[PDB]
Amino acid sequence: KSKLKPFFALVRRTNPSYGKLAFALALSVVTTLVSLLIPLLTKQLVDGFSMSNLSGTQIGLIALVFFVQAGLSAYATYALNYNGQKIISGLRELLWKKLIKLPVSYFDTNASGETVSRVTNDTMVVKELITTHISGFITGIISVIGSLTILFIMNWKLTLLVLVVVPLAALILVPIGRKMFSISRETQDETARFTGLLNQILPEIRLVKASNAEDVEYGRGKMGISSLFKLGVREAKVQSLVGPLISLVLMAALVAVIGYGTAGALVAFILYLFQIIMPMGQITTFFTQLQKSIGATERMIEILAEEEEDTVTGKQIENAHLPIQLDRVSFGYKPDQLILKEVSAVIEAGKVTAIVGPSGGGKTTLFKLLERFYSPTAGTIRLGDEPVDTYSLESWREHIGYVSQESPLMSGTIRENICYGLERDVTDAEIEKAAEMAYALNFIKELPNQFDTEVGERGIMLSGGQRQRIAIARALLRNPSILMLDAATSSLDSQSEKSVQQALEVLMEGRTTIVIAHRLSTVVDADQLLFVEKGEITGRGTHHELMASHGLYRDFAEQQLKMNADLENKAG
Amino acid sequence: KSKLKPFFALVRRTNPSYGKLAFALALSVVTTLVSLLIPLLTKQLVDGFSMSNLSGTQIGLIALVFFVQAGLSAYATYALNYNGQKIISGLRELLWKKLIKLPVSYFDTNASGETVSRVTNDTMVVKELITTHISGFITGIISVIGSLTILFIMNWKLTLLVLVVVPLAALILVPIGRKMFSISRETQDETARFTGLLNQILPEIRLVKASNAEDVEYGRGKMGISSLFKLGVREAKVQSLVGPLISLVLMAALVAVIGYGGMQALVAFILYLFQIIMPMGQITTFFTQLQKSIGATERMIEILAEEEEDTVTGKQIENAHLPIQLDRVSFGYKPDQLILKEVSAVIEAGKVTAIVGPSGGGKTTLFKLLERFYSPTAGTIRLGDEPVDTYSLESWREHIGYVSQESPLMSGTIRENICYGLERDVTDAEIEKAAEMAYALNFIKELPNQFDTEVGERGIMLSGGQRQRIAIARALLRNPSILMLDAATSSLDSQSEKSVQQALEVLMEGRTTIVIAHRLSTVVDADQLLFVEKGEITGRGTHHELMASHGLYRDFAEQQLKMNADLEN
Ligand SMILES: CCNc1cc2oc3c/c(=[NH+]\CC)c(C)cc-3c(-c3ccccc3C(=O)OCC)c2cc1C
Ligand SMILES: CCNc1cc2oc3c/c(=[NH+]\CC)c(C)cc-3c(-c3ccccc3C(=O)OCC)c2cc1C
Ligand SMILES: Nc1ncnc2c1ncn2[C@@H]1O[C@H](COP(=O)(O)OP(=O)(O)OP(=O)(O)O)[C@@H](O)[C@H]1O
Ligand SMILES: Nc1ncnc2c1ncn2[C@@H]1O[C@H](COP(=O)(O)OP(=O)(O)OP(=O)(O)O)[C@@H](O)[C@H]1O
Ligand SMILES: [Mg+2]
Ligand SMILES: [Mg+2]
């Protein structure tokens, strides 16, 4: 509620920040003393240089030694940079850990491509403050406190004026700080929009070559930068405005000194007064960057309070395998326009069961919440007549492989694209078997040295036929007791399909499998078939039973068979 | 070659920097002069100010307004910073335009996730050079020359001590910049690496949920951060080193005062030489930062030197329409290894043709080739016995729709996902007409306000089945000369494809259509069925003729025939 307390609270979280900063400033503290004492002794010392020949060698040696300790100020600067280059490091560390552990429902709203720049750019702004200006603040406060002390006429007898410089200046600065804080909160919250705009586009250049997108996309980029970032000059305008105003209040000090004038002391008093300008320049800049840095962090703190969906809180049960049943459970991908309708069905183990649905139904999310991304609102999910949430929050997941409507990959090689599931016992001799069981070997060995082979960003180097096949190798290698194929027909030929169907049947006899297929033909043989329509289910039983006994559609399957019926008369 | 001329050349291509910068420096010039003359007047003004306040007030108020005019130097800093804010915006502008128009080939060998950061974090460093220290480089250079010229006996009779202060310091700085320059190319090429890692991790979070990746992939971020950027402190090490080294060179001049000046005012000499300290330090920092900026921009320049392939240099607009022909085509995705073998086929116009093949064949590469993304090394691609290359590079694309094997979508409103075909005259009246021929509105109008609804990053908000249709609308809206359905059955049901196929038949009757579809049942009735395999073509003609006449498979169709025949029994 103060725009200040959370900041110093957040930097405190990086524990090693206490190690050297106080030591760093203290080294700079003595640097201030020698600087504030050198000019008052050189005039006396040069008077002692009336001969400057025999003693000059010793003082020259002394000056040699002393000016090395003048160079010692850099060691404070190096340390000050060092501790700063740590407080940024842990800040990235602590954020990045928190940026994955939070529920996927958060990412379905906040445009992940935008929030990436809140790791790089929304911390680099702190760097300029933490290193240089802080030294200015320390070197200034000691200088100003070391200024009025010699003003003994001014700090014990003529004090009515030293106390008027700060309240006026700060009163002037407060609007400036508030304005600039309203700037930094934007310049960061548009960098994220800008850097986000690219990764939503640039990795997809294949489409943006639509023969006119390049014109339009170039338009969006420019309107992103020029109309916003160059208009960030608004920060520059207020940043330069401080000079006059910080000189203005100081001017008022001077009208006060001439209005309360005795004669033999004021002459030196004016000279002493003309020393505090440079400290005032540094101190005013510190607060300017201070409330600047906050706006570069105001967005960051909020993503440090989202509720960490994953826990290790698996109470006492992880392993005993029992069927999975959903009891009157309904879910909303949006908290009001619920898209599902109190599904109730049972998944008997040891027997594969298939969901088939027309495009627009509730197939995908029924997987996406059966892996407990969402914890649906109405109803619940059980296995073994026990609540699933009592098993774990995501330690349950490792017993379950998964592929998506798509087949995503990551920029590593084809090796560490399959490994990180078990991530301890890769068992190089077994990566082969999983690729075999996904029919991946026989069209990989021809590639240049599988381990050496490299995908593009989204797996452009591999292809659609190869992309889907390599994805399920992740699921079959993880050795699960619960499996989800998601598109056995996405991008792969019938040649691939028969081998895959002939392969995973050999493993998954006592390990329950739930698969959804684009075409009804691939999973007719399964021991149970659901038929999801717009969040409801209006069919059960085996497909052969479903045809004759049940008659809601009676033609969804027949909408497939008349497609293939042309293949008999025209062929023989 | 010299690694400094291109920088002033790279800045040069952004024109407007030269406009107001001279006025900015000129203000800094008079800023230096007034700072040069301020101490001389005050030490004698106080003698005049020694008079009572009756005369002091009349002069003090004039000194006050002088101070406000001394405050005018602030608006000089704004001028530099604005000029700086102009040059950084220009660098982003030029870089962004060159980034789009390069051949797609570069965006595969390189990584898009890497190059994104080179527009945000690889120009911001140039700000800190161009804002403050550029003034220091000017303030120092005038002050040092002015201060040296004050030594009017030392510059014409005892010049030995002025030829050592600067050149010896420069000799010391030579390794410092060289070490610093090597740092910037490393730190910037790793910030690029770090930002590259994240944009290919977060968007696919649903698969980093492998129940152990949250521990492992988090480690990759740390190992990227901690072992590199907390070790990026290594430049802060040498950046401190300027202090001690500028010390020895100048004290070496301090001992030179007795090395040659001990035989000859002298006290005024010592006073003045203790004033060149801050200017020399200020100007020294500028060179150090310069070698820092040059490194963070030496990788920057290189991607301004690619072929910027797309042009309008094709002196044709494609008014006519003739069939597509492939003449002895052989393409390789790498100049050494090739996946296409002398393929020869004629795409008959105005009547649908198809390509069917197995996984990992040459199907979709032949699409990217026929869109002329790559211009194959061997053979040629022509239409009507005229090469495609003479026509244009990407005005031809405007006549050909293209839906990909995956279902791509930019982020925005699903309206805006289809709008930019004509990019000017969206003509709201018949967007639904494109959707109806794509079977979309029956599963769109029920949603909240077709325009209002917005997809996520890769269409996460809509479904995969929905996305593949919503992409195919972009194909039909362009009303193209050539239609390219790449995945007609990827993610969509039987209730879709029947309504889909029945729609395109009316639309394209004299407009040729190239389609590749799995599950051969869906392309049985096309005029020409082509078989591709490992970069070679081994089939022609109608499906019924190719069935028994050719003898390669005789069972590839039977592949699904026996797979689908089980439903009846
Ligand atoms: C309180 C009112 N008194 C003054 C306030 C001043 O404010 C200044 C603010 C500045 N901006 C800071 C961001 C800079 C750069 C120089 C300033 C000077 C200045 C300007 C030109 C030449 C020399 C000096 C100077 O400081 O030397 C005086 C001997 C300055 C001088 C006086 C007397
Ligand atoms: C060549 C060796 N001789 C010197 C080198 C120096 O290097 C300095 C480098 C600096 N870094 C630049 C980025 C800064 C900030 C101050 C420096 C001072 C300095 C430090 C504290 C107080 C006053 C001064 C100072 O300069 O005033 C001397 C009267 C300094 C002084 C001397 C004598
Ligand atoms: N943000 C959202 N996330 C998931 N589903 C959504 C969202 N918004 C709406 N939906 C609805 O939820 C359904 C989820 O799609 P689903 O996972 O079933 O796709 P699918 O399994 O590939 O099948 P389809 O062929 O219908 O795409 C869609 O039909 C869609 O209408
Ligand atoms: N970036 C790439 N571009 C082209 N080919 C690649 C690339 N990376 C790898 N390849 C290799 O080139 C071959 C051709 O793949 P292609 O993209 O033609 O498959 P496809 O036509 O998508 O197959 P399917 O249609 O069955 O998915 C692949 O077997 C693959 O091994
Ligand atoms: Mg799904
Ligand atoms: Mg393909």
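Definitions and cut-offs
- Residues numbered from 1 in each chain as written, not as in the entry; some residues may be left out.
- Chains lettered and ligands numbered in written order.
- Heavy atoms only, no water.
- Contact = heavy atoms within 4.5 Å.
- Buried area = accessible area lost by both parts, 1.4 Å probe.
- Salt bridge = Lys/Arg side-chain N within 4 Å of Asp/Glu carboxyl O.
- Polar contact = N/O pair within 3.5 Å; in protein donor to acceptor, adjacent residues only side chain to side chain.
- Helix = DSSP H or I, 4+ residues; strand = E, 2+ residues; numbered from the N terminus.
- Nonpolar A, V, L, I, M, F, W, Y, C, P; charged D, E, K, R; others polar.
- Near = heavy atom within 4 Å.
- Areas by Shrake-Rupley, 256 points an atom, 1.4 Å probe, with all protein chains shown as cover.
- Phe/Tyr/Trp six-rings, centres within 6.5 Å; stacked < 30°, edge-to-face > 60°.
- Buried < 20%, exposed > 50% of the residue type's maximum accessible area, 1.4 Å probe, protein only.
- Domains from an automatic or database assignment.
- Expected span 1.5 Å × (residues − 1).

Asks: Explain the interface of chain A and chain B here, please?
Replies: It is common to give the size of an interface as the accessible area lost on bringing the parts into contact. Across the contact, 127 residues belong to chain A and 124 residues belong to chain B. In total, chain A and chain B occlude about 13400 Å² of area from one another, counting both sides; carbon and sulfur atoms represent 61% of this. Together, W96(A), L202(A) and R206(A) form the three largest contributors to the area buried by chain A at its contact with chain B, with a combined 6%. One can count 8 salt bridges joining chain A with chain B. In this structure, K209(A) and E309(B) form a salt bridge, with 3.7 Å as the shortest nitrogen-oxygen distance. Inspection of the chain A/chain B interface yields 40 residue pairs in polar contact. No other element matches the 11 residues that helix α4 (residues 73–98) of chain A contributes to the side of chain A that touches chain B. Class assignment for the residues of the side of chain A that touches chain B results in 53 nonpolar, 37 polar and 37 charged.

Asks: Looking at this structure, I do not really get the site of ligand 1. What am I missing?
Replies: Around ligand 1 sit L250(A), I277(A), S35(B) and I38(B), and that is every residue in its neighbourhood. Those chains with residues close to ligand 1 are chains A and B. For ligand 1, whose accessible area on its own is 680 Å², the fraction buried by protein is 56%.

Asks: Please explain the packing of aromatic side chains as it appears in this structure.
Replies: Where two aromatic rings form a pair, the distance of their centres and the angle of their planes describe that pair. All names here are of chain A. Under the defined criterion, the tally for this structure stands at 29 aromatic pairs over all chains. Aromatic pair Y439 and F443: ring centres 6.0 Å apart, planes at 55°, arrangement tilted. A relative accessible area of 16% places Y439 in the buried class. With a centroid separation of 6.4 Å and an interplanar angle of 85°, the aromatic rings of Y553 and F556 are classed as edge-to-face. Judged by relative accessible area, which is 11%, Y553 ranks as buried. Take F556: its relative accessible area is 10%, and that puts it in the buried class.

Asks: Honestly, the domain arrangement of chain A in this entry has me stumped. Any pointers?
Replies: Residues and elements named next belong to chain A. Each assigned domain of chain A is listed with its residue range as follows: domain 1 (1–311) and domain 2 (312–569). Across the domain 1 to domain 2 interface the summed buried area is about 910 Å²; carbon plus sulfur atoms make up 50%. Of all residues in domain 1, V104, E309 and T311 give up the largest surface area on contact with domain 2, accounting jointly for 52% of the area buried on that side. The tally of links from domain 1 across to domain 2 stands at 0 salt bridges.

Asks: In this structure, what is going on with helix α7 (residues 124–150) of chain B? I would like to understand it.
Replies: Since the α-helix turns once every 3.6 residues, residues separated by three or four places project in the same direction. Residue and element names in this part refer to chain B. With 27 residues, α7 should cover 39 Å at 1.5 Å per step; its first-to-last C-alpha distance of 40 Å lies within 8% of that length. Here α7 has its buried residues at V126, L129, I130, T131, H133, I134, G136, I138, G140 and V144. Considering only its buried residues, α7 is in contact with α1 (5–13), α2 (18–49), α4 (73–100) and α12 (277–302).

Asks: I tried to follow the side chain of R478(A) on my own but got confused; where do I start?
Replies: Relative to the elements of secondary structure, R478(A) occurs in the loop between α18 (464–477) and α19 (494–507). At a separation of 2.8 Å, a polar atom in the side chain of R478(A) contacts the main-chain carbonyl oxygen of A210(B). Not counting the four nearest positions on each side in its chain, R478(A) is found in contact with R397(A), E398(A), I400(A), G401(A), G421(A), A210(B) and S211(B).

Asks: Sorry if this is basic, but what is going on with the side chain of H518(A) here?
Replies: Locating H518(A) in the fold gives a position in the loop between β6 (514–516) and β7 (529–533). Discounting residues that sit within four places of it in the chain, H518(A) has contacts with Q405(A), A487(A), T489(A), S490(A), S490(B), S491(B) and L492(B).

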